[PDB]
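Numbering (this note's numbering), first residue to last: 53 to 434. Ideal Cβ placement from N, Cα and C applies to all residues, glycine included. Quick notes on the structure that follows.
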């Protein structure tokens, strides 16, 4: 028994906030709307609904998504009948920026072998996260928070949700940095999820926040983001360029990997420049900001000041290699620290080497339309 659709704001309806303006337009104002693989967009929406279904105003669309066949004919009618498109302008411009991201595959093992020597660590035994409002700390769980803490020492910026540290003496000190962990500071006090063959490839898994080990027999060990040490991110590519070990055109993962194989005397130095370090957990698609697994080519990262999390999002852009028209109904199910603005999408390409090529080549103008359940308005969320 089909859910009711509810009443759309009529064409030309506007909402404004934050320099952004949202305008209701017809579905057929989206380029190549007719020719979409709406079965794939429906799959992607259904994945987000495991959590999105619980958010006020999304219950009916999420329920109805599961009573809709996985076929583009029916799935098109679902998106037409239940959602209204809101064309997005940021600061007077429909035009914005599309970049690309992906889930890396790297050679490795569940064990230390001759080939696979670089441990992937989970949350350490002494890693304690404390929420942020010369202070006092009390432990409230084996990895969360009797000891004094020196807040001037911890890496707080204008943005810090929590501090990460460990008890030592009668102190709470910042947790270990990448250079220290590289140097063996976690020996004996952190779970190891597996081993990578290449340390630069591992370094870049940290940069994407998730990955997959491909064992010598072709199996996958799936590795997801769990936490981090909250020390600042520094680009090693920008470090190498003015050192000047490589030119900032060869600053790709693959160029750093090749430089390092030829130059083992610089490995520790360069990797240690990024004091940020990500801890992982044993787990298709990484889990994004919505808390659900992302579907390759049908999910993206957005700015939540501007885009409602979980929303179908039509992106009109250019394919990062063919430069041909790339028009897609994706789901806005993730966020990034570098993704800001009304019209701004990090396009999730999926897992593996091919997705990697696509992602890095993506830096394009794009146009966006946000689809929301009929009646629900977009909102600037300061």
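Check: For residue 83, which of helix, strand or coil comes out of DSSP?
Finding: Residue 83 falls in the coil class under three-state DSSP.
Next item on the list: From the DSSP output, in three-state form, read off residue 281 for me.
Entry: coil
Checklist line | In chain order, each beta strand (DSSP E) run of at least 3 residues that lies wholly inside the segment 122-148 | finding: 135-142
Check: Which partner residues does residue 347 have in the DSSP bridge list?
Finding: None; residue 347 has no bridge partner.
Margin query: So, at 7 Å on beta carbons, what are the nonlocal neighbours of residue 85 in its own chain, with the 5 sequence-adjacent residues on each side left out?
Written below: 79
Next item on the list: At 3 residues or longer, and completely inside the segment 176-202: list those beta strand (DSSP E) runs for me, N to C.
Entry: 180-183, 187-189 and 199-201
Check: Among residues of its own chain, excluding the 5 on either side of residue 77, which ones have a beta-carbon nearer than 6 Å to its beta-carbon?
Finding: 137 and 139
Item checked: Range of the contiguous alpha helix (DSSP H) that encloses residue 251 -> DSSP places residue 251 in the uninterrupted alpha helix (DSSP H) bounded by 251-260.
Next item on the list: Work out the CA separation of residue 288 and residue 325 for me, nearest whole Å.
Entry: Using only the alpha carbons, I get a separation of about 6 Å.
Next item on the list: Assuming residue 191 contacts residue 198 (C-beta within less than 8 Å), just tell me the rounded distance between them.
Entry: The pair is a contact, with the Cβ atoms about 7 Å apart (cut-off 8 Å).
Notebook entry, point to check: Skipping 5 residues on each side, what residues in its chain have a beta carbon closer than 6 Å to that of residue 60?
Noted result: 136 and 426
Check: Would residue 230 be called buried (16 or more neighbouring beta carbons within 10 Å of its own) or exposed?
Finding: buried
Check: Which residues in the same chain as residue 258 place their Cβ atom closer than 6 Å to its Cβ, once the five residues preceding and following it in sequence are excluded?
Finding: 330
Note to self: I need the straight-line Cα distance from residue 388 to residue 97, nearest angstrom please.
What the structure shows: 20 Å
Check: So is residue 197 buried or exposed if we call it buried at 16+ other beta carbons inside 10 Å?
Finding: buried
Next item on the list: State whether the segment 246-264 contacts the segment 158-170, with contact taken as three or more CB pairs (one from each stretch) at a distance under 8 Å.
Entry: yes
Note to self: DSSP has residue 421 in a bridge; who is on the other side?
What the structure shows: 139 and 366
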